[PDB]
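All remarks here apply to the structure that follows.
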Amino acid sequence: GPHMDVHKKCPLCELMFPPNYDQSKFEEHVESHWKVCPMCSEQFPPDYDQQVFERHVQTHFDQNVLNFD
Ligand SMILES: [Zn+2]
Ligand SMILES: [Zn+2]
């Protein structure tokens with residue numbers, strides 16, 4: 001950390017943490033913004049659209065109407 005080590009902010013929502021905050025706890029928070037499809041276990045970038053993500057997740061519920069096969 002430099003003279004300004006208050007850069008520990010989630011660049012995705014700008015939640016600002018103290019300089020002494022856990023890097024990995026920071027990263028998991030960044031990875032929380034990476035929207036994870038529970039059915040893909042894939043994390044989608046913050047650059048991804050929530051609308052697109054929600055429709056993506058919806059298609060996992062849609063399942064192309066899995067009737068049997
Ligand atoms: Zn955040
Ligand atoms: Zn998915």
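Labeling convention for the structure tokens: chains A, B, ... as they appear, residues from 1 per chain, ligands from 1 in order of appearance.
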| query | Which polymer residues have any atom within 12 Å of an atom of residue 33 of chain A, counting only C-alpha atoms, with same-chain residues fewer than 5 positions away left out, as a PyMOL selection string? | reply | chain A and resi 10-15+26-28+42-50+53
| query | Quick one: DSSP strand (DSSP E) residues in chain A, as a list in words? | reply | residues 35, 36, 37, 42, 43 and 44 of chain A
Can those selected residues be exported to a file as a JSON list (two decimals), in the first residue's frame so that it contains N, CA and C atoms?
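The resulting out15.json:
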```
[["chain", "number", "residue", "atom", "x", "y", "z"],
["A", 35, "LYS", "N", -21.67, -11.85, -11.14],
["A", 35, "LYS", "CA", -22.91, -12.48, -10.92],
["A", 35, "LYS", "C", -22.87, -13.90, -11.32],
["A", 36, "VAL", "N", -23.00, -14.70, -10.34],
["A", 36, "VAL", "CA", -22.89, -16.10, -10.46],
["A", 36, "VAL", "C", -24.25, -16.77, -10.66],
["A", 37, "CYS", "N", -24.32, -17.56, -11.70],
["A", 37, "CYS", "CA", -25.46, -18.34, -12.01],
["A", 37, "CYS", "C", -25.34, -19.57, -11.15],
["A", 42, "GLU", "N", -21.04, -20.13, -12.73],
["A", 42, "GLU", "CA", -20.30, -19.24, -13.47],
["A", 42, "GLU", "C", -20.63, -17.90, -13.03],
["A", 43, "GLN", "N", -19.64, -17.20, -12.92],
["A", 43, "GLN", "CA", -19.63, -15.85, -12.48],
["A", 43, "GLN", "C", -19.51, -15.00, -13.72],
["A", 44, "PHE", "N", -20.40, -14.09, -13.87],
["A", 44, "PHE", "CA", -20.43, -13.22, -14.99],
["A", 44, "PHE", "C", -19.88, -11.89, -14.60]]
```
| field | Within-7 Å residues of ligand 2, basis only C-alpha atoms and all ligand atoms, as a list in words | value |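 What falls inside 7 Å of ligand 2 is residues 37, 39, 40, 42, 56, 57 and 60 of chain A.
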| Any idea what's packed within 7 Å of residue 19 of chain A, counting only C-alpha atoms, ignoring anything in its chain fewer than 6 positions away? Could you give it as a PyMOL selection string? | chain A and resi 5-6+8
| request: Could you find all residues in chain A that DSSP calls alpha helix (DSSP H) from the backbone, and write them as a PyMOL selection string? | output: chain A and resi 23-33+50-62
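Ranking A:24, A:41, A:63, A:30 by their shortest atom-to-atom distance to residue 9 of chain A, with only C-alpha atoms included, puts A:30 first.
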| said: I'd like to know which of A:29, A:23, A:17, A:4 is closest to ligand 1, using only C-alpha atoms and all ligand atoms. | reply: A:29
| query | At what distance in Å, to one decimal, does atom CA of residue 52 of chain A lie from atom CA of residue 25 of chain A? | reply |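 Computed distance, atom CA of residue 25 of chain A to atom CA of residue 52 of chain A, equals 26.9 Å.
Between atom CA of residue 66 of chain A and atom CA of residue 34 of chain A the interatomic distance comes to 28.1 Å.
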